[PDB]
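Protein chains in written order, with the deposited numbering: chain 13, 1 to 122; chain 18, 1 to 114; chain 16, 1 to 120; chain 05, 1 to 209; chain 30, 1 to 56.
Beta carbons are placed, not taken as given, at the ideal position from N, Cα and C, and that holds for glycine.
What follows is a set of notes on a single structure, which appears directly below.
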RNA sequence: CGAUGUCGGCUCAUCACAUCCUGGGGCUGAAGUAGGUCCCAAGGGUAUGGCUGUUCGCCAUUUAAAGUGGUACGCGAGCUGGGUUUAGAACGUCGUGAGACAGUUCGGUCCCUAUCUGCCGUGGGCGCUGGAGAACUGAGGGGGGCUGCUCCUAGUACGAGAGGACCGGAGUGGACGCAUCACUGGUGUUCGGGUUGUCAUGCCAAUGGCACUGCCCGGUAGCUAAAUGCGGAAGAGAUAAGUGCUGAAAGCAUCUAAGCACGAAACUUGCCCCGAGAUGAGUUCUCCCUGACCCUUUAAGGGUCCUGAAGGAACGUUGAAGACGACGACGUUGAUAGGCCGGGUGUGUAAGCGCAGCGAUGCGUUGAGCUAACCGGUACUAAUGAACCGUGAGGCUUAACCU
RNA sequence: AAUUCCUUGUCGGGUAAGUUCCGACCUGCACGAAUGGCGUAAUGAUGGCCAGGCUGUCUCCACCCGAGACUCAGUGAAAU
RNA sequence: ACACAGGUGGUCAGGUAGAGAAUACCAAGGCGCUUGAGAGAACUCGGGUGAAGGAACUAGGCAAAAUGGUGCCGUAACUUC
RNA sequence: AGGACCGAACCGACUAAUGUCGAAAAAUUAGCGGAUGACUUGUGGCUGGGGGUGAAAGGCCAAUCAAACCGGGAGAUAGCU
């Protein structure tokens with residue numbers, strides 16, 4: 001459950017380390033983000049050598065939440081600490097070549113094939 | 001109810017290996033990948049067990065690469081192939097929710113070995 | 001909306017509510033009959049009945065649990081020796097509620113909650 | 001077509017072979033004997049009157065006991081009515097069973113909802129709670145403004161206010177059927193139906209076919 | 001929260017209509033004593049349903 | 001002017017159409033996608049934030065879109081008091097001065113228990129004409145009506161290419177609304193456990209009181225959402241703007257004059273809900289009551305004696321029903337509530353004794369003991385036999401029917 | 001600027017976005033030297049602003065324990 | 001104005017924990033605040049917990065939460081030292 | 001040593017909530033500030049109406065103050081209601 005002003009943990013080594021969601025995309029008057037929705041975020045802190053630095057405003061997609069995604073039977077795969085994978089504005093295509101931590105099967109939507117095919121688990 | 005209880009016991013799987021909360025449990029779960037019904041594994045520590053007959057469930061906490069995963073499981077589900085206990089853990093408290101904040105050597109528990 | 005809830009509040013805090021039955025059950029155990037408020041009588045059945053069924057089989061563990069509740073020695077002495085083994089045949093429903101007019105000071109229904117005994 | 005009277009008996013779940021769980025509601029539907037067939041000569045409209053369950057032969061009344069004797073069937077609890085579609089005709093004495101719902105796919109479960117009691121305007125009409133600080137005095141969950149001023153000079157009829165929430169008679173539709181048992185007299189429908197465990201449930205096929 | 005015009009005997013009279021007291025007149029007769037007691041309540045002498053239960 | 005509280009915000013809105021979106025069209029300097037503008041249309045929808053007291057506005061990011069307005073520039077006996085518009089104070093400024101400045105800045109008690117109308121709920125009385133118990137019909141009234149994207153059609157039409165549809169169908173989302181706890185959970189001061197201080201139970205032990213439940217770890221039933229289902233419709237009738245056919249007046253021409261046809265989320269039905277107090281009081285079905293008397297102002301009359309049926313109410317046990325009434329269940333020919341039994345769940349290896357250890361403590365007995373509201377049972381307790389209200393076959397006229 | 005009307009001056013910082021805040025440029029509507037000028041450690045129930053912590057302040061409320069509200073019994077007001 | 005949650009100077013001032021006349025539980029000693037009985041709606045008041053998020057609220061972090069003790073290690077800019 | 005530091009009694013009264021025909025004609029509750037000093041307090045004095053006192057607000061002087069109260073000028077006067 002990610003609404004605005006939520007601090008996240010950067011899953012990819014694009015350069016960011018701590019980001020904040022400025023607005024949930026995918027509909028009007030939307031409450032919060034979730035599973036694998038697209039969100040427009042800002043970076044609150046980046047590493048000195050990353051591709052991106054502090055102050056940028058670009059898209060992202062959640063991969064791990066503490067709210068947890070629900071399997072079709074009643075199983076949840078809750079995690080510890082919210083995460084996201086950075087993406088370019090116009091092109092979905094992520095920025096980080098490596099992904100730290102697991103992702104979930106619900107993220108598979110062909111545009112995130114690049115992401116799941118760069119996952120260390122699940 | 002004579003009806004509700006009847007509708008449950010006919011759907012409950014007969015062989016569920018018993019285990020107290022805290023054991024190192026490995027669970028093989030059926031996973032569906034497009035056109036393949038693969039059987040991926042999941043081994044971790046049980047931190048909670050809910051007994052509700054047919055609606056019974058249990059949780060398993062695995063400290064994966066980087067950050068930890070807390071995955072629950074439906075006991076009487078067709079998705080849960082097998083359940084195997086590795087290390088019979090010894091704790092004297094029902095739910096190990098004090099373990100969600102412990103890490104490293106602080107998280108480890110005692111073996112039963114009675 | 002209290003759907004399917006149980007346990008009358010009796011216009012008292014948690015402490016006082018528990019504490020009054022501990023004192024009230026003592027009066028019922030000691031005199032075999034009391035005169036209280038009608039709603040207070042109906043709630044006393046939920047406390048005494050266990051304490052009597054608890055006193056069926058006399059032991060070392062039971063004489064402490066019957067002391068953990070009621071906090072008295074004369075109550076535990078009267079139970080387990082005279083009251084306790086006396087209800088041998090009867091299974092539950094040891095007490096009896098009988099309504100009696102109203103309290104002549106505030107108009108509250110009164111009730112004589114007694115045990116099915118008193119053949120002295 | 002027609003509907004059948006039932007009783008909600010808790011909720012459970014079914015596990016499909018692939019493992020997908022589906023929330024189902026156990027609806028007992030026993031022998032729905034038909035007491036009165038309504039004719040267009042007496043009524044003008046076409047319908048049937050059924051009953052189910054069984055009451056006590058000391059609690060049932062003389063006026064209604066004669067009604068059952070007029071039909072011949074046993075004195076069941078309650079009496080309901082279902083509309084006919086002109087392509088059917090039932091007989092008095094016919095015991096309509098749950099087997100009629102074998103071919104159906106979507107039904108409209110109808111039942112008396114749970115009595116929420118005299119609820120507040122927040123709990124009832126989904127109002128938004130005002131600020132619980134910053135100086136707010138004696139007003140955190142009230143309805144607030146209920147009108148304009150002098151020009152209207154009155155509260156418009158239909159204004160959402162505090163009233164009896166619940167214990168109404170709602171109709172949940174398009175619930176997909178799952179299993180129809182004739183032996184145990186059951187009916188499994190996906191989703192949650194109205195009413196508490198142990199109330200009536202008029203069950204009829206979907207009008208939105 | 002203050003009245004504009006005072007009501008009358010007509011208005012004050014209508015409001016007291018439903019607030020009229022009840023009449024029971026269903027006094028029971030005791031099985032043993034044969035006295036008048038309320039329904040389900042004990043008699044003035046402690047007798048109830050025939051059996052003397054208060055022993056007083 | 002023997003008082004109409006002033007801006008803005010919160011809350012809650014309802015209405016107009018001069019329409020921001022979605023729906024239907026005409027024209028295009030409309031090839032396509034996408035637009036401009038005009039007409040028809042008010043069913044539904046119609047941002048979140050930064051700065052500002054601001055309405056406003058600029059900015060960032062969205063959205064199908066972020067409409068303009070009325071409603072005392074809606075809304076203080078609903079809230080706020082940040083601004084203006086008290087007394088203190090100071091700055092620039094004006095004045096010799098007290099002081100003054102929609103110039104500025106810091107500070108500054110915002111009253112009310114609702115008789116009436118209105119409105120949301122919910123009963124009592126009576127009527128509906130013999131009384132009662134039910135089941136409906138349905139006049140009429142209310143709710144609901146939003147939409148994105150993806151894919152198929154088809155990368156076809158179109159078009160130098162780049163790009164890239166119409167109509168129609170399917171899938172899956174957001175917001176909103178209704179319902180419900182099976183899963184995920186929160187709560188659960190009535191259940192179990194741990195533990196600090198302390199006082200009491202004579203003391204060890206074991207328990208209990210108090211300290212915000214002492215402080216916390218859990219957690220049943222309910223409740224509930226962040227949880228899970230479901231919904232908006234299709235269609236039909238009659239039309240709007242528009243498109244028409246035939247076709248005169250006016251030999252041609254013309255959608256219109258006669259006549260016939262298509263035509264929108266709008267209107268009326270279709271989907272659910274309330275509903276015969278709809279005094280126009282309707283319909284259907286079943287049930288119960290067919291004793292005599294005197295008077296007479298001989299009136300649809302009065303009063304008494306003999307009978308009081310169906311049924312209602314009352315009292316009780318009460319309830320996933322409820323402020324109180326009301327509504328549902330049950331009242332021994334009993335499963336209504338409590339208790340009891342068993343089970344379930346929770347909690348976690350009681351107590352005692354035995355055993356090892358200098359001791360805290362650990363070990364065995366023992367996953368025992370204790371387990372509130374839950375499930376299935378069992379009359380042990382409490383629902384007493386009765387009395388109360390309600391009557392004795394139901395008016396006048398006329399018509400058609402049986403004698 | 002507690003002073004600047006024009007003004008949300010302009011530039012830079014901070015924020016994704018800053019009519020307030022911080023450092024400057026002076027074009028001082030109408031600062032300025034004991035109606036004191038400019039600094040200033042410490043101090044402040046002081047004025048404005050930022051960040052960590054922290055949370056039901058809010059997103060959007062949900063449940064629960066008590067005191068009234070509600071019914072019965074006694075006594076019994078007021079503004080108008 | 002009252003048998004009014006207010007104001008009224010000095011004195012003695014136990015036990016355990018504790019620096020303490022703080023604070024918590026008790027002693028000596030004195031009390032249950034002169035309306036009660038049910039029910040367990042909205043709403044108000046005083047509180048408790050809270051998923052995910054963490055000032056997005058608002059004029060403003062007002063309020064709540066959080067921090068809190070003893071000993072020890074350690075402690076910047078600036079400074080009237 | 002200290003108009004020193006933290007902190008009860010004590011004195012004070014910044015925020016917030018309740019209260020607003022209140023329990024109270026400025027209090028309650030939860031937090032605040034000073035707390036060896038220009039501190040605080042008991043007791044008894046002394047200063048008085050254009051006067052007093054005032055670490056100065058036009059505050060305070062018996063719930064009344066940009067000139068108190070009681071009585072008397074006085075039935076002031078009132079182009080006003």
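If you look at residue 125 (chain 05), you'll find it in the alpha helix (DSSP H) that goes 121 to 125. Taking residue 50 (chain 13) as reference, the option from 97 (chain 13), 16 (chain 13), 88 (chain 13) with the minimal CA-CA separation is 16 (chain 13). Inclusion of residue 81 (chain 18) and residue 54 (chain 18) in the CB contact set at 8 angstroms is not warranted, their separation being larger than that value. Annotation for residue 22 (chain 05): 14, 190 place their beta carbon closer than 6 angstroms to its own, counting only its chain and skipping 5 residues before and after. For the stretch 109 to 139 of chain 05, the set of positions with a beta-carbon nearer than 7 angstroms to some beta-carbon of chain 16 reads 116, 117 in chain order.
By the C-beta criterion, the stretch 41 to 57 of chain 13 is judged not to be in contact with the stretch 31 to 46 of chain 18, since fewer than 3 inter-stretch pairs fall below 8 angstroms. For a Cβ distance threshold of 8 angstroms, residue set 19, 20, 21 of chain 05 lies close to residue 72 (chain 13), ordered along the chain.
Here residue 112 (chain 16) is buried: its Cβ has 16 or more other Cβ atoms, across all protein chains shown, within 10 Å. With a contact defined as Cβ atoms closer than 8 angstroms, residue 195 (chain 05) and residue 129 (chain 05) miss out at about 29 angstroms. DSSP, read as helix, strand or coil, puts residue 146 (chain 05) in coil. When DSSP states are grouped into helix, strand and coil, residue 54 (chain 18) belongs to the helix group. Residues of the stretch 48 to 82 of chain 18 with a C-beta atom less than 7 angstroms from some C-beta of chain 13 are 64, 65, 66, 67, 68, 69, 70, 71, 72, 73, 74, 77, 79, listed in chain order.
Contact note: residue 101 (chain 16) reaches chain 30 through 41, using a C-beta cutoff of 7 angstroms and chain order. Interface residue (Cβ-Cβ distance to chain 05 less than 8 angstroms): residue 4 (chain 18) is classified as such.
DSSP, reduced to helix, strand and coil, places residue 43 (chain 13) within a strand of the structure shown.
Between residue 15 (chain 18) and residue 89 (chain 18), the C-beta gap is not smaller than 8 angstroms, which leaves the two residues out of contact. Contact of residue 184 (chain 05) with chain 18 is assigned, a C-beta pair being separated by under 8 angstroms. Nearest CB-CB separation between residue 112 (chain 13) and chain 18: not below the 8 angstroms threshold.
The DSSP-derived three-state label of residue 190 (chain 05) is strand. As computed with DSSP, residue 200 (chain 05) is found in a beta bridge with 7 (chain 05). Residue 182 (chain 05) places its beta carbon 8 angstroms or farther from that of residue 95 (chain 05). Residue 94 (chain 13) sits away from residue 119 (chain 13), with the two beta carbons spaced by 8 angstroms or more. Sequence-distant Cβ neighbours of residue 7 (chain 13) in its own chain, meaning closer than 8 angstroms and more than five residues away, are 18, 19, 20, 44, 82. CA-CA distance, residue 25 (chain 16) to residue 1 (chain 16), rounds to 30 angstroms.
For residue 73 (chain 18), the enclosing beta strand (DSSP E) covers residues 69 to 74. In the structure shown, residue 48 (chain 30) falls within a strand segment according to DSSP collapsed to helix, strand and coil. Under the three-pair Cβ rule at 8 angstroms, the stretch 73 to 92 of chain 05 does not count as touching the stretch 145 to 154 of chain 05. Chain-order list of chain 05 residues neighbouring residue 7 (chain 18): 12, 26, by C-beta distance under 7 angstroms. In this structure the stretch 117 to 126 of chain 05 touches the stretch 161 to 169 of chain 05; the number of beta carbon pairs closer than 8 angstroms is three or more. Secondary structure at residue 14 (chain 16): helix, using DSSP grouped into helix, strand and coil. Residue 107 (chain 13) is positioned such that its CB atom lies closer than 8 angstroms to that of residue 116 (chain 13). For residue 65 (chain 05), there is no enclosing beta strand (DSSP E); the residue is part of the alpha helix (DSSP H) that begins and ends at 62 to 71. For residue 47 (chain 30), the closest Cβ of chain 16 is not nearer than 8 angstroms. Residue 2 (chain 30) counts as exposed, since fewer than 16 other beta carbons sit within 10 angstroms of its beta carbon. Straight across, the Cα-Cα distance linking residue 110 (chain 16) with residue 47 (chain 30) is about 16 angstroms. In this structure, the CA atom of residue 192 (chain 05) is about 18 angstroms from the CA atom of residue 8 (chain 18).
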